[PDB]
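To keep things clear, I will list the structure first and then write my remarks on it.
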Amino acid sequence: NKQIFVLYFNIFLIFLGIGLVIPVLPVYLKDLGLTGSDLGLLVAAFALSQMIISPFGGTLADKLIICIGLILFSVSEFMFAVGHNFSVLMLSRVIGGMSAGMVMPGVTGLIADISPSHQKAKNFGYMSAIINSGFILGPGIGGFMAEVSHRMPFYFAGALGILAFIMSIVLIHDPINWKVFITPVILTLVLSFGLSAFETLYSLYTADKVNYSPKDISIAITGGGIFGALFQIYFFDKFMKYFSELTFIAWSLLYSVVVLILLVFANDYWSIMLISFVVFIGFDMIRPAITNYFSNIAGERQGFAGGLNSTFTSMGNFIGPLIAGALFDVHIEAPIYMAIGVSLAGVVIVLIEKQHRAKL
Amino acid sequence: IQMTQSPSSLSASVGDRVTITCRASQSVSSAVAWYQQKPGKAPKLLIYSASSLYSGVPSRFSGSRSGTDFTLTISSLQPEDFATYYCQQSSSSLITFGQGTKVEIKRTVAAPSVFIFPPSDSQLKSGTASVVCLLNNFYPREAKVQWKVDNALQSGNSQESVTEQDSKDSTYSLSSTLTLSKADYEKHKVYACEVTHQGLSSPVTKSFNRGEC
Amino acid sequence: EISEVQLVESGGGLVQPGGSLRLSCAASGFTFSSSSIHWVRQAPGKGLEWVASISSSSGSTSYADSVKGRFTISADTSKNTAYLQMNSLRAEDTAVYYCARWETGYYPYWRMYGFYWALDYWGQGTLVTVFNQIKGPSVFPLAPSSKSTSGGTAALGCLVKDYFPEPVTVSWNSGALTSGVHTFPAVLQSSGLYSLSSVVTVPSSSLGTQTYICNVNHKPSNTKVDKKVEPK
């Protein structure tokens with residue numbers, strides 16, 4: 001009961017540390033130069049340092065990974081905060097990607113074995129709700145702290161990191177088949193091809209349609225996060241029914257494409273534009289679904305499965321936004337059809353199960 | 001592609017609100033910037049991508065997207081905000097600027113002073129004997145002169161150029177120059193220039209005569 | 001805000017139409033390997049107008065339609081500069097060519113609103129002058145009369161007639177009179193020779209005692225003619 005509560009704070013810190021850099025970066029984007037290609041490289045640092053290093057966590061996972069990774073996060077983020085020049089920030093984001101791609105398999109694996117055979121409800125619902133809570137509260141916390149001594153937010157998430165060591169070392173205690181991996185590992189990429197390509201561009205699709213000042217869209221998406229959290233807390237009923245393992249993903253994808261289709265024809269900012277935020281609920285029942293699926297293929301050694309998630313979901317989350325930004329200009333509605341396309345691709349790939357279930 | 005921008009002269013007193021609008025010929029994107037150019041220096045960038053303030057820029061320069069009617073709104077003008085404002089369309093690699101908006105300070109009313117000068121004695125060697133009817137220390141811009149010689153209007157033989165608003169007294173100044181030849185000068189005797197301006201209650205028209213009497 | 005990026009330009013001056021200038025915008029203080037370079041211009045009086053561009057790496061030389069084909073823009077990353085050809089010159093090409101750099105992007109953050117950035121850097125500009133019928137200016141003085149407009153107030157000045165090209169600098173008593181000088185902007189006369197007069201306001205009772213001389217430093221004709229103003 002307390003090990004798991006200590007454990008969530010690591011993941012909360014990782015994604016709050018991704019979210020805390022947004023309201024401080026423009027302060028020294030002008031103090032270092034940092035042209036467009038340099039900023040794209042700074043983004044890709046975290047991507048290709050999370051990519052290959054994450055399966056290695058599952059290579060090593062069979063306690064120790066979480067604590068070394070969290071020291072790595074704190075050191076990484078301090079050295080980001082030092083901020084000499086690009087030669088420092090680039091390697092800082094690389095080692096930070098190392099840390100956040102080593103702790104994420106460590107947590108995503110070790111929850112899957114300490115928790116009892118009801119491992120879905122509290123455990124994975126809150127592990128994929130605290131992720132969104134960190135993404136929300138990143139800029140929200142960073143707003144107050146960036147006003148005073150703009151370096152302060154950074155090592156703030158630095159200082160907490162050291163705290164997140166001690167709780168995770170004294171309040172907690174310790175106690176093959178590449179073919180079967182194929183079904184979700186490609187699957188989790190496909191949605192991450194477009195879902196990311198959706199989310200990244202939601203602040204540009206609904207500023208060229210009905211006008212959204214930055215506060216209104218923030219209200220829309222905070223509401224989406226809250227009313228998606230309040231649905232993935234009672235997630236255990238919905239997964240205990242709906243033919244647990246794999247069927248649920250298909251129904252969520254059909255729901256999402258339906259509400260996207262309804263979204264393409266929505267004017268009227270407050271009535272039928274704001275309220276259609278509920279689309280993201282259909283995209284927030286699937287991340288716990290694939291994480292549980294990964295934890296359920298591998299009987300032991302859940303670290304490998306969590307790592308194989310956290311590498312290719314980051315591959316999708318990196319490939320997608322570039323494509324969506326590139327082909328956004330040829331339309332205004334281009335991001336939506338990417339999400340529709342990948343959702344129907346997901347529907348196609350999940351219904352392959354019946355032929356696969358017909359043989360072993 | 002064009003970028004029509006209106007209006008092309010604002011006479012706004014210090015601390016008041018001004019609005020400048022551009023109308024893109026095609027709806028491009030949220031990609032519009034709003035430069036300003038002080039007289040005889042380099043343009044600086046104030047607002048980029050149609051809404052975002054630049055670093056080191058006062059918070060008054062609040063831009064606003066509106067459909068295709070990109071607008072810049074200054075709540076209050078200050079003695080450091082009196083210069084030309086350009087709006088730039090950042091299309092697909094075919095950039096185009098705007099027609100140019102000027103912003104000018106208000107005074108109350110100044111009565112223009114008029115002077116007329118005889119032709120110099122070295123003009124008579126080259127035939128062209130140019131006289132000038134001066135206008136100095138007035139505000140506002142709108143003023144014009146109708147010359148007469150022997151009480152007869154002239155058109156097309158008078159070119160005039162305004163100065164800029166002086167930094168101290170904040171007035172304009174005007175001059176119209178009339179160019180002829182000795183074939184047309186020597187048959188005419190009485191010369192006069194007439195000036196009319198808003199602050200000028202009644203037309204004032206005095207000048208000289210041949211012979212320096 | 002700790003920035004010191006300076007763009008400099010050099011290579012303007014008088015030409016003949018059909019000449020060949022080649023304008024160096026010598027960059028500094030930034031990684032030229034990945035940036036843009038944009039060349040704008042301003043005719044004397046009018047508003048800005050874009051005429052060329054280049055992306056330093058992985059880009060193509062975009063041009064302006066009205067002046068496409070008479071310019072060859074190229075950026076040499078070796079010596080940290082970027083140049084722009086100048087061929088088949090027409091009278092519409094007198095200008096003041098700034099060299100500028102712009103970028104604009106978006107740093108997105110997971111279906112919130114993240115960023116915008118501009119980076120802005122501009123230059124200073126070189127006066128480029130076009131077709132010449134080079135002629136020194138002729139200075140004639142506009143003699144102040146005896147009319148008594150308002151007590152001790154009077155006006156006088158010297159007329160700078162039939163010169164070509166811009167500019168002319170006039171000053172009164174060689175810098176000893178700037179309190180009340182007016183140098184009206186030059187008007188492109190019909191005959192092709194520009195004109196630009198200048199007058200001052202002086203106390204009337206002081207006239208006939210001090211002296212006044214205007215010094216036309218018309219540089220491209222290497223000419224300096226001073227004429228004396230006396231009420232007569």
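A note on labels: chains of the structure tokens are A, B, ... as shown, every chain counts residues from 1, and ligands are counted from 1 in their shown order.
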Define the interface residues of chain A facing chain B as those within 9 Å, counting only C-alpha atoms, and report them as a JSON list (two decimals) with N, CA, C and O atoms, in the first residue's frame.
```
[["chain", "number", "residue", "atom", "x", "y", "z"],
["A", 27, "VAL", "N", 13.35, 31.92, -22.04],
["A", 27, "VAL", "CA", 14.22, 32.85, -21.32],
["A", 27, "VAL", "C", 15.65, 32.75, -21.84],
["A", 27, "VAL", "O", 16.29, 33.77, -22.11],
["A", 30, "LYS", "N", 17.04, 32.96, -26.24],
["A", 30, "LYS", "CA", 17.67, 34.16, -26.75],
["A", 30, "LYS", "C", 19.05, 34.39, -26.15],
["A", 30, "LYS", "O", 19.80, 35.24, -26.66],
["A", 207, "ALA", "N", -6.75, 26.62, -33.63],
["A", 207, "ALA", "CA", -6.51, 28.04, -33.72],
["A", 207, "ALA", "C", -6.68, 28.56, -35.14],
["A", 207, "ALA", "O", -6.68, 29.78, -35.34],
["A", 208, "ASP", "N", -6.81, 27.66, -36.12],
["A", 208, "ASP", "CA", -7.15, 28.02, -37.48],
["A", 208, "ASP", "C", -8.62, 27.81, -37.79],
["A", 208, "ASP", "O", -9.18, 28.53, -38.63],
["A", 211, "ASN", "N", -11.67, 30.37, -33.04],
["A", 211, "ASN", "CA", -10.48, 30.93, -32.42],
["A", 211, "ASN", "C", -10.38, 30.52, -30.96],
["A", 211, "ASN", "O", -11.35, 30.64, -30.21],
["A", 329, "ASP", "N", 0.64, 22.06, -43.29],
["A", 329, "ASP", "CA", 0.51, 23.28, -44.08],
["A", 329, "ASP", "C", -0.29, 23.07, -45.36],
["A", 329, "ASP", "O", -0.89, 24.03, -45.88]]
```
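Counting only C-alpha atoms, residue 71 (chain B) has the following residues at most 12 Å away, ignoring those fewer than 4 positions along the same chain: residues 5, 6, 7, 18, 19, 20, 21, 22, 23, 24, 30, 32, 33, 34, 47, 49, 50, 51, 61, 62, 63, 64, 65, 66, 67, 85, 86, 87 and 88 of chain B.
Using only C-alpha atoms, the smallest distance between any of C:229, C:84, C:199, C:2 and residue 175 (chain B) comes from C:199.
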Compile the residues of chain C that lie within 6 Å of chain B, evaluated using only C-alpha atoms, and express the compilation as a PyMOL selection string.
chain C and resi 47+49+142+184
Determine which residues of chain C sit within 6 Å of chain A, taking into account only C-alpha atoms, and present them as a compact mmCIF listing (two decimals) with N, CA and C atoms, in the first residue's frame.
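Written output follows (part05.txt):
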```txt
# COMPACT_ATOMS: atom_id res chain seq x y z
N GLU C 1 18.13 38.44 -21.95
CA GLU C 1 18.59 38.97 -23.23
C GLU C 1 20.08 39.28 -23.20
N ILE C 2 20.90 38.32 -23.64
CA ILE C 2 22.34 38.50 -23.77
C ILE C 2 22.70 38.08 -25.19
N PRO C 108 6.06 22.40 -29.68
CA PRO C 108 4.77 21.96 -29.15
C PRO C 108 4.93 21.07 -27.93
N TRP C 110 2.40 18.53 -26.15
CA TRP C 110 1.35 17.56 -25.79
C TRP C 110 0.00 18.25 -25.58
N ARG C 111 -0.57 18.72 -26.68
CA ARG C 111 -1.94 19.24 -26.74
C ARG C 111 -2.22 20.37 -25.73
N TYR C 113 -0.55 24.63 -25.35
CA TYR C 113 0.03 25.64 -26.22
C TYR C 113 1.43 25.95 -25.72
```
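Closest approach to residue 57 (chain B) from the set B:154, B:194, B:69, B:35 is made by B:35, with distances taken over only C-alpha atoms.
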Residues at most 12 Å from residue 240 (chain A), counting only C-alpha atoms, excluding those fewer than 3 positions away in the same chain, as a count of residues only?
15
For the helix (DSSP H, G or I) assignment from backbone DSSP, which residues of region 97-254 of chain A qualify? Please present them as an NGL selection string.
:A and (97-114 or 120-127 or 130-145 or 152-170 or 182-199 or 202-205 or 214-232 or 235-240 or 244-254)
Counting only C-alpha atoms, what is within 10 Å of region 105-117 of chain A, bar same-chain residues fewer than 3 positions away, as number ranges by chain?
A: 1, 3-4, 7-8, 10-11, 54-58, 60-61, 63-67, 69, 100-102, 120, 122-124, 127, 174-175, 291-292, 294-296, 299-311
Residues near region 161-165 of chain A, cut-off 9 Å, only C-alpha atoms, skip fewer than 6 positions along chain, as number ranges by chain:
A: 6-7, 9-10, 13-14, 66-68, 70-71, 73-75, 155
Find the distance between CA of residue 42 (chain A) and CA of residue 105 (chain C) and write it in Å to one decimal.
13.9 Å
Filtered DSSP result for region 39-210 of chain B, state strand (DSSP E), as a JSON list (two decimals) with N, CA, C and O atoms, in the first residue's frame:
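As written to disk, out-v3.json reads:
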```json
[["chain", "number", "residue", "atom", "x", "y", "z"],
["B", 44, "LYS", "N", 12.78, 46.92, -36.63],
["B", 44, "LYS", "CA", 12.82, 45.96, -35.54],
["B", 44, "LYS", "C", 11.54, 45.14, -35.59],
["B", 44, "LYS", "O", 10.55, 45.58, -36.17],
["B", 45, "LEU", "N", 11.56, 43.96, -35.00],
["B", 45, "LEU", "CA", 10.40, 43.08, -35.02],
["B", 45, "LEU", "C", 9.68, 43.23, -33.69],
["B", 45, "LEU", "O", 10.32, 43.17, -32.63],
["B", 47, "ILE", "N", 5.99, 41.89, -33.16],
["B", 47, "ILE", "CA", 5.05, 40.80, -32.96],
["B", 47, "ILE", "C", 5.29, 39.77, -34.04],
["B", 47, "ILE", "O", 5.41, 40.13, -35.21],
["B", 48, "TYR", "N", 5.40, 38.51, -33.66],
["B", 48, "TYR", "CA", 5.73, 37.45, -34.59],
["B", 48, "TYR", "C", 4.71, 36.33, -34.49],
["B", 48, "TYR", "O", 4.25, 35.99, -33.40],
["B", 52, "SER", "N", 2.43, 36.93, -30.73],
["B", 52, "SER", "CA", 3.40, 36.75, -29.65],
["B", 52, "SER", "C", 4.32, 37.96, -29.54],
["B", 52, "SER", "O", 4.97, 38.34, -30.52],
["B", 53, "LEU", "N", 4.40, 38.52, -28.35],
["B", 53, "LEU", "CA", 5.26, 39.67, -28.10],
["B", 53, "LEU", "C", 6.72, 39.28, -28.24],
["B", 53, "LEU", "O", 7.12, 38.16, -27.90],
["B", 61, "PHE", "N", 2.05, 46.61, -27.00],
["B", 61, "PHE", "CA", 1.93, 46.19, -28.39],
["B", 61, "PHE", "C", 1.24, 44.83, -28.45],
["B", 61, "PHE", "O", 1.86, 43.78, -28.64],
["B", 62, "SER", "N", -0.08, 44.87, -28.31],
["B", 62, "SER", "CA", -0.90, 43.67, -28.27],
["B", 62, "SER", "C", -1.48, 43.42, -29.66],
["B", 62, "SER", "O", -2.35, 44.18, -30.11],
["B", 63, "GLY", "N", -1.02, 42.38, -30.32],
["B", 63, "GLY", "CA", -1.57, 42.00, -31.60],
["B", 63, "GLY", "C", -2.80, 41.15, -31.45],
["B", 63, "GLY", "O", -3.14, 40.72, -30.35],
["B", 64, "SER", "N", -3.49, 40.91, -32.56],
["B", 64, "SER", "CA", -4.71, 40.11, -32.53],
["B", 64, "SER", "C", -5.00, 39.56, -33.91],
["B", 64, "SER", "O", -5.19, 40.33, -34.85],
["B", 69, "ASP", "N", -8.05, 39.46, -40.86],
["B", 69, "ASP", "CA", -7.81, 40.84, -40.45],
["B", 69, "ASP", "C", -6.82, 40.88, -39.28],
["B", 69, "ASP", "O", -7.18, 41.15, -38.13],
["B", 70, "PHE", "N", -5.56, 40.60, -39.59],
["B", 70, "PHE", "CA", -4.52, 40.72, -38.59],
["B", 70, "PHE", "C", -4.41, 42.18, -38.16],
["B", 70, "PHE", "O", -4.39, 43.08, -39.00],
["B", 71, "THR", "N", -4.38, 42.43, -36.85],
["B", 71, "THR", "CA", -4.38, 43.77, -36.29],
["B", 71, "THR", "C", -3.32, 43.90, -35.21],
["B", 71, "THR", "O", -3.01, 42.93, -34.51],
["B", 72, "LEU", "N", -2.79, 45.11, -35.06],
["B", 72, "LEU", "CA", -1.90, 45.48, -33.97],
["B", 72, "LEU", "C", -2.59, 46.58, -33.19],
["B", 72, "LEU", "O", -3.10, 47.53, -33.78],
["B", 73, "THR", "N", -2.63, 46.44, -31.87],
["B", 73, "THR", "CA", -3.31, 47.40, -31.02],
["B", 73, "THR", "C", -2.34, 47.90, -29.96],
["B", 73, "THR", "O", -1.83, 47.11, -29.17],
["B", 74, "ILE", "N", -2.11, 49.20, -29.94],
["B", 74, "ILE", "CA", -1.37, 49.85, -28.87],
["B", 74, "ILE", "C", -2.39, 50.53, -27.98],
["B", 74, "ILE", "O", -3.20, 51.34, -28.45],
["B", 84, "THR", "N", 7.11, 54.50, -38.38],
["B", 84, "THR", "CA", 6.34, 53.76, -39.37],
["B", 84, "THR", "C", 6.22, 52.29, -39.00],
["B", 84, "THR", "O", 7.19, 51.67, -38.58],
["B", 85, "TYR", "N", 5.02, 51.70, -39.18],
["B", 85, "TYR", "CA", 4.77, 50.31, -38.81],
["B", 85, "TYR", "C", 4.42, 49.49, -40.05],
["B", 85, "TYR", "O", 3.41, 49.75, -40.70],
["B", 86, "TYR", "N", 5.23, 48.46, -40.34],
["B", 86, "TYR", "CA", 5.07, 47.58, -41.49],
["B", 86, "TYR", "C", 4.60, 46.21, -41.03],
["B", 86, "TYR", "O", 4.95, 45.75, -39.94],
["B", 87, "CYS", "N", 3.80, 45.55, -41.86],
["B", 87, "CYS", "CA", 3.29, 44.23, -41.55],
["B", 87, "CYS", "C", 3.68, 43.27, -42.66],
["B", 87, "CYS", "O", 3.45, 43.56, -43.84],
["B", 88, "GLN", "N", 4.27, 42.14, -42.29],
["B", 88, "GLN", "CA", 4.90, 41.24, -43.24],
["B", 88, "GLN", "C", 4.17, 39.91, -43.28],
["B", 88, "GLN", "O", 3.86, 39.33, -42.24],
["B", 89, "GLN", "N", 3.91, 39.41, -44.49],
["B", 89, "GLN", "CA", 3.30, 38.10, -44.69],
["B", 89, "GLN", "C", 4.40, 37.08, -44.93],
["B", 89, "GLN", "O", 5.17, 37.21, -45.88],
["B", 103, "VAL", "N", 2.68, 56.85, -38.12],
["B", 103, "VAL", "CA", 2.04, 57.30, -36.89],
["B", 103, "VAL", "C", 2.67, 58.63, -36.50],
["B", 103, "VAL", "O", 3.89, 58.73, -36.38],
["B", 104, "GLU", "N", 1.84, 59.64, -36.29],
["B", 104, "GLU", "CA", 2.30, 61.02, -36.20],
["B", 104, "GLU", "C", 1.66, 61.68, -34.98],
["B", 104, "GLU", "O", 0.55, 61.32, -34.58],
["B", 113, "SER", "N", 3.47, 80.50, -41.42],
["B", 113, "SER", "CA", 4.12, 81.73, -41.83],
["B", 113, "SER", "C", 4.48, 81.64, -43.30],
["B", 113, "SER", "O", 4.92, 80.59, -43.77],
["B", 114, "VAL", "N", 4.28, 82.73, -44.03],
["B", 114, "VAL", "CA", 4.54, 82.75, -45.47],
["B", 114, "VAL", "C", 5.64, 83.76, -45.77],
["B", 114, "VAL", "O", 5.71, 84.82, -45.15],
["B", 115, "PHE", "N", 6.53, 83.38, -46.69],
["B", 115, "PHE", "CA", 7.57, 84.25, -47.21],
["B", 115, "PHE", "C", 7.68, 84.03, -48.71],
["B", 115, "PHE", "O", 7.40, 82.93, -49.20],
["B", 116, "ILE", "N", 8.10, 85.06, -49.43],
["B", 116, "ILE", "CA", 8.39, 84.93, -50.85],
["B", 116, "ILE", "C", 9.74, 85.56, -51.14],
["B", 116, "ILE", "O", 10.11, 86.58, -50.53],
["B", 117, "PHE", "N", 10.51, 84.93, -52.02],
["B", 117, "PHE", "CA", 11.86, 85.34, -52.31],
["B", 117, "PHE", "C", 11.99, 85.70, -53.78],
["B", 117, "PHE", "O", 11.55, 84.94, -54.65],
["B", 131, "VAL", "N", 11.42, 81.30, -58.24],
["B", 131, "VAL", "CA", 10.99, 81.93, -57.00],
["B", 131, "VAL", "C", 10.34, 80.87, -56.12],
["B", 131, "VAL", "O", 9.87, 79.83, -56.59],
["B", 132, "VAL", "N", 10.32, 81.13, -54.82],
["B", 132, "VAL", "CA", 9.83, 80.16, -53.84],
["B", 132, "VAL", "C", 8.95, 80.88, -52.83],
["B", 132, "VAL", "O", 9.34, 81.91, -52.28],
["B", 133, "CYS", "N", 7.76, 80.32, -52.59],
["B", 133, "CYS", "CA", 6.84, 80.82, -51.57],
["B", 133, "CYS", "C", 6.90, 79.84, -50.41],
["B", 133, "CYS", "O", 6.51, 78.68, -50.54],
["B", 134, "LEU", "N", 7.40, 80.31, -49.26],
["B", 134, "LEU", "CA", 7.75, 79.45, -48.14],
["B", 134, "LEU", "C", 6.58, 79.27, -47.18],
["B", 134, "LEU", "O", 5.70, 80.13, -47.08],
["B", 135, "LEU", "N", 6.59, 78.15, -46.46],
["B", 135, "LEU", "CA", 5.65, 77.91, -45.37],
["B", 135, "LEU", "C", 6.40, 77.22, -44.24],
["B", 135, "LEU", "O", 6.91, 76.11, -44.43],
["B", 136, "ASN", "N", 6.45, 77.85, -43.08],
["B", 136, "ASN", "CA", 7.32, 77.40, -42.01],
["B", 136, "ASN", "C", 6.57, 77.45, -40.69],
["B", 136, "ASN", "O", 5.83, 78.40, -40.43],
["B", 137, "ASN", "N", 6.78, 76.43, -39.85],
["B", 137, "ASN", "CA", 6.16, 76.30, -38.53],
["B", 137, "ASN", "C", 4.63, 76.30, -38.61],
["B", 137, "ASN", "O", 3.96, 77.24, -38.20],
["B", 138, "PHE", "N", 4.09, 75.21, -39.16],
["B", 138, "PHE", "CA", 2.66, 74.98, -39.04],
["B", 138, "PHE", "C", 2.37, 73.53, -38.68],
["B", 138, "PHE", "O", 3.23, 72.66, -38.81],
["B", 143, "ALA", "N", -2.31, 71.68, -46.42],
["B", 143, "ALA", "CA", -2.22, 73.06, -46.87],
["B", 143, "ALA", "C", -1.75, 73.04, -48.31],
["B", 143, "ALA", "O", -1.08, 72.10, -48.74],
["B", 144, "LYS", "N", -2.11, 74.08, -49.05],
["B", 144, "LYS", "CA", -1.75, 74.13, -50.45],
["B", 144, "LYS", "C", -1.75, 75.58, -50.91],
["B", 144, "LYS", "O", -2.35, 76.45, -50.28],
["B", 145, "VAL", "N", -1.04, 75.83, -52.00],
["B", 145, "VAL", "CA", -0.80, 77.17, -52.50],
["B", 145, "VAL", "C", -1.24, 77.24, -53.95],
["B", 145, "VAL", "O", -0.97, 76.34, -54.75],
["B", 146, "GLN", "N", -1.93, 78.32, -54.30],
["B", 146, "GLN", "CA", -2.31, 78.62, -55.67],
["B", 146, "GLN", "C", -1.59, 79.90, -56.07],
["B", 146, "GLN", "O", -1.95, 80.99, -55.59],
["B", 147, "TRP", "N", -0.59, 79.79, -56.93],
["B", 147, "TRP", "CA", 0.17, 80.96, -57.31],
["B", 147, "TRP", "C", -0.67, 81.85, -58.21],
["B", 147, "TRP", "O", -1.64, 81.42, -58.82],
["B", 148, "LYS", "N", -0.28, 83.12, -58.27],
["B", 148, "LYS", "CA", -0.80, 84.03, -59.28],
["B", 148, "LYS", "C", 0.29, 84.97, -59.75],
["B", 148, "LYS", "O", 1.15, 85.38, -58.96],
["B", 149, "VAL", "N", 0.27, 85.29, -61.04],
["B", 149, "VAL", "CA", 1.08, 86.37, -61.59],
["B", 149, "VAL", "C", 0.19, 87.22, -62.48],
["B", 149, "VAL", "O", -0.48, 86.69, -63.38],
["B", 158, "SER", "N", 4.65, 74.23, -60.60],
["B", 158, "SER", "CA", 5.00, 74.39, -59.19],
["B", 158, "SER", "C", 5.11, 73.01, -58.56],
["B", 158, "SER", "O", 4.12, 72.28, -58.49],
["B", 159, "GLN", "N", 6.31, 72.67, -58.09],
["B", 159, "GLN", "CA", 6.54, 71.44, -57.36],
["B", 159, "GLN", "C", 6.79, 71.77, -55.91],
["B", 159, "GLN", "O", 7.46, 72.76, -55.60],
["B", 160, "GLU", "N", 6.25, 70.96, -55.01],
["B", 160, "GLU", "CA", 6.36, 71.23, -53.59],
["B", 160, "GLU", "C", 6.65, 69.95, -52.83],
["B", 160, "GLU", "O", 6.23, 68.86, -53.22],
["B", 161, "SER", "N", 7.39, 70.09, -51.73],
["B", 161, "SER", "CA", 7.78, 68.97, -50.89],
["B", 161, "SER", "C", 7.68, 69.37, -49.43],
["B", 161, "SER", "O", 8.10, 70.46, -49.05],
["B", 162, "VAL", "N", 7.10, 68.49, -48.63],
["B", 162, "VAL", "CA", 6.96, 68.68, -47.19],
["B", 162, "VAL", "C", 8.23, 68.21, -46.51],
["B", 162, "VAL", "O", 8.93, 67.34, -47.02],
["B", 172, "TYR", "N", 5.30, 71.16, -39.13],
["B", 172, "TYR", "CA", 5.76, 70.82, -40.47],
["B", 172, "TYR", "C", 6.46, 72.03, -41.08],
["B", 172, "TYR", "O", 6.77, 73.01, -40.40],
["B", 173, "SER", "N", 6.74, 71.96, -42.38],
["B", 173, "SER", "CA", 7.19, 73.11, -43.16],
["B", 173, "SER", "C", 7.07, 72.75, -44.64],
["B", 173, "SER", "O", 7.30, 71.60, -45.01],
["B", 174, "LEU", "N", 6.73, 73.73, -45.45],
["B", 174, "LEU", "CA", 6.38, 73.51, -46.85],
["B", 174, "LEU", "C", 7.10, 74.52, -47.72],
["B", 174, "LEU", "O", 7.45, 75.62, -47.27],
["B", 175, "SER", "N", 7.32, 74.15, -48.98],
["B", 175, "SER", "CA", 7.90, 75.07, -49.95],
["B", 175, "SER", "C", 7.45, 74.66, -51.34],
["B", 175, "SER", "O", 7.53, 73.48, -51.68],
["B", 176, "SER", "N", 7.02, 75.63, -52.13],
["B", 176, "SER", "CA", 6.67, 75.41, -53.52],
["B", 176, "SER", "C", 7.59, 76.25, -54.39],
["B", 176, "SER", "O", 7.75, 77.45, -54.15],
["B", 177, "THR", "N", 8.19, 75.62, -55.39],
["B", 177, "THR", "CA", 9.15, 76.27, -56.27],
["B", 177, "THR", "C", 8.57, 76.33, -57.67],
["B", 177, "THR", "O", 8.09, 75.32, -58.20],
["B", 178, "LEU", "N", 8.60, 77.52, -58.26],
["B", 178, "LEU", "CA", 8.09, 77.76, -59.61],
["B", 178, "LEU", "C", 9.26, 78.03, -60.54],
["B", 178, "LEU", "O", 10.08, 78.91, -60.28],
["B", 191, "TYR", "N", 3.82, 89.65, -59.02],
["B", 191, "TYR", "CA", 3.91, 88.27, -58.56],
["B", 191, "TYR", "C", 3.34, 88.15, -57.16],
["B", 191, "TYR", "O", 3.49, 89.06, -56.34],
["B", 192, "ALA", "N", 2.68, 87.02, -56.88],
["B", 192, "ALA", "CA", 2.03, 86.82, -55.60],
["B", 192, "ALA", "C", 1.77, 85.34, -55.36],
["B", 192, "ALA", "O", 1.52, 84.58, -56.30],
["B", 193, "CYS", "N", 1.84, 84.94, -54.09],
["B", 193, "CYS", "CA", 1.51, 83.58, -53.69],
["B", 193, "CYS", "C", 0.44, 83.63, -52.60],
["B", 193, "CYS", "O", 0.51, 84.44, -51.68],
["B", 194, "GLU", "N", -0.56, 82.76, -52.74],
["B", 194, "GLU", "CA", -1.68, 82.70, -51.81],
["B", 194, "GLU", "C", -1.66, 81.36, -51.10],
["B", 194, "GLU", "O", -1.54, 80.31, -51.73],
["B", 195, "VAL", "N", -1.79, 81.40, -49.78],
["B", 195, "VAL", "CA", -1.76, 80.22, -48.93],
["B", 195, "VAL", "C", -3.06, 80.14, -48.13],
["B", 195, "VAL", "O", -3.56, 81.16, -47.65],
["B", 196, "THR", "N", -3.63, 78.94, -48.04],
["B", 196, "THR", "CA", -4.80, 78.69, -47.21],
["B", 196, "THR", "C", -4.57, 77.44, -46.38],
["B", 196, "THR", "O", -4.11, 76.42, -46.90],
["B", 197, "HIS", "N", -4.91, 77.52, -45.09],
["B", 197, "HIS", "CA", -4.70, 76.43, -44.16],
["B", 197, "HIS", "C", -5.83, 76.48, -43.14],
["B", 197, "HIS", "O", -6.47, 77.52, -42.97]]
```
Shell around residue 78 (chain B) at 9 Å using only C-alpha atoms, local window under 6 positions removed, as number ranges by chain
B: 13-16
Those same residues, written as a short mmCIF file (atom, residue, chain, number, x, y, z; two decimals), in the first residue's frame with C-alpha atoms?
```
data_model
loop_
_atom_site.label_atom_id
_atom_site.label_comp_id
_atom_site.auth_asym_id
_atom_site.auth_seq_id
_atom_site.Cartn_x
_atom_site.Cartn_y
_atom_site.Cartn_z
CA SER B 13 -2.03 62.08 -29.20
CA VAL B 14 0.15 60.62 -26.46
CA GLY B 15 -1.43 57.84 -24.42
CA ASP B 16 -4.36 57.09 -26.74
#
```
Counting only C-alpha atoms, what is within 8 Å of residue 5 (chain C), bar same-chain residues fewer than 4 positions away, as a count of residues only?
4
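Interatomic distance, CA of residue 44 (chain C) against CA of residue 165 (chain C): 11.8 Å.
Separating CA of residue 175 (chain C) from CA of residue 45 (chain C) is a distance of 26.0 Å.
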